[PDB]
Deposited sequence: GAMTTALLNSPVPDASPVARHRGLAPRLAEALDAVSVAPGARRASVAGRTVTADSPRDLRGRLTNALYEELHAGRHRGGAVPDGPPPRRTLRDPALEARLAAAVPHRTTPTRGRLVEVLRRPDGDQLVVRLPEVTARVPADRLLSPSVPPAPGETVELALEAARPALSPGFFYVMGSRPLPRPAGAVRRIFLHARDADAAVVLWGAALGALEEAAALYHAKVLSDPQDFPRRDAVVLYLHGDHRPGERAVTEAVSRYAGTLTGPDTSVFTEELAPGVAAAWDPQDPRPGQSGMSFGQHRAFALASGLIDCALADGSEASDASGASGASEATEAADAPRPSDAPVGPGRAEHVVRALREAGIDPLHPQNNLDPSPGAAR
């Protein structure tokens, strides 16, 4: 008559939520918060379950220019030092240009954004350019910004921080606050925030990705937003994440030891592993399969916001 009792080796919040979730023997039917979900094979239920879990446990439930200005104006820095091999120089009387292979694409950058060396070097020679930190279109639905400081060489592990936000107004202030805090602590981060007003509210209305050492930045963002939790944020957070305040949660990007079955978003990754283990039980107890599934995805079943 106790959730931890019937579901051991599992974070409590999780073991609790597995009480609202049933998968029938055969793996063609399942219940998730008293919403039923139906499929014609196991394999097809794997997908529909993942989506139902993702919606109830992780999430719940235009690009207005005014907001974007409000959101854009809330940024400390204006530029980020970006490396890449030079290809070619283009002499123009209009203004010279560097053809640079960035890591995501080959681009044509005004040569006045060079920073190192300050004299355009030979082709192939690494160069460091100064590019805008605000990228409003890069993440559909989201205004997006990169830290003023270059992220680590391999990027490595990444700490996500989710900030619920009731509305645009909420978000603006949480945005300004969080970025203000993050530059002061000199965090190696990226970040983004919903730029569509009629899409709030959302648990991940603001996301912050933090590299190398997250403590300074985390500690810093925590304190800057304490004041607002509950009212400007919303109470509730993903069951996969570690809460730090009302509307403020966090977790690590997914590390996964299995090939092919890897490289998802944090929510979908967990929900996938969770749905997998539930599904694997129904093809005959239950929490032992769930727990095994999580560990094959490199998720700590006691601390699902963390990895092995």
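In sequence order, the deposited-sequence ranges that have no modelled C-alpha atom: Counting from residue 1, the stretches without coordinates are 1-14, 76-90, 314-346, 371-378.
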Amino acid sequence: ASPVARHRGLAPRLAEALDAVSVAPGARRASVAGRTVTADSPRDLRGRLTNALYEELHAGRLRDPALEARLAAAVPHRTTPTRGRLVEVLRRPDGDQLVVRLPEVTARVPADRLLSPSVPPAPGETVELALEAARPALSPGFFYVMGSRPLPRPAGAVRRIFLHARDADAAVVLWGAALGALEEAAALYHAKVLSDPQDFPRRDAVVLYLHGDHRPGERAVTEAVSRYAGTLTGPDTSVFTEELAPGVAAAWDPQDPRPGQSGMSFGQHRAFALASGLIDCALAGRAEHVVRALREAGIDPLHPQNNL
From here on, numbers count along this sequence of modelled residues.
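Comparing 97-105 with 154-162, the one whose average Cα B-factor in the PDB entry is higher: Comparing 154-162 with 97-105, the higher average CA B-factor belongs to 154-162.
Segment of higher mean CA temperature factor, 29-37 or 247-255: Comparing averages over the C-alpha atoms only gives 29-37.
Residue selected from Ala220, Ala137, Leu194, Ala187 by maximal Cα B factor: Max CA B-factor in the entry, restricted to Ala220, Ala137, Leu194, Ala187: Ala187.
Residue with highest C-alpha B-factor in the PDB entry, from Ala130, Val127, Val119, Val87: Answer for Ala130, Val127, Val119, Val87: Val119, with the highest C-alpha B-factor.
For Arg270, the third of its chain into which the C-alpha B factor falls: As the PDB entry reports it, the C-alpha B-factor of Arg270 lands in the middle third of its chain.
Position of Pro235 among the chain's modelled residues by C-alpha B-factor, lowest, middle or highest third: Middle third - that is where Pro235 ends up once the chain's C-alpha B-factors are sorted.
Relative C-alpha B-factor of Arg78, binned into the chain's lowest, middle or highest third: It falls in the top third of the chain.
Ranked against its chain, the third holding the CA B-factor of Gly9: CA B-factor rank for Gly9: lowest third.
Chain-wide C-alpha B factor ranking for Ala284, given as lowest, middle or highest third: Highest third of the chain for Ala284's C-alpha B-factor.
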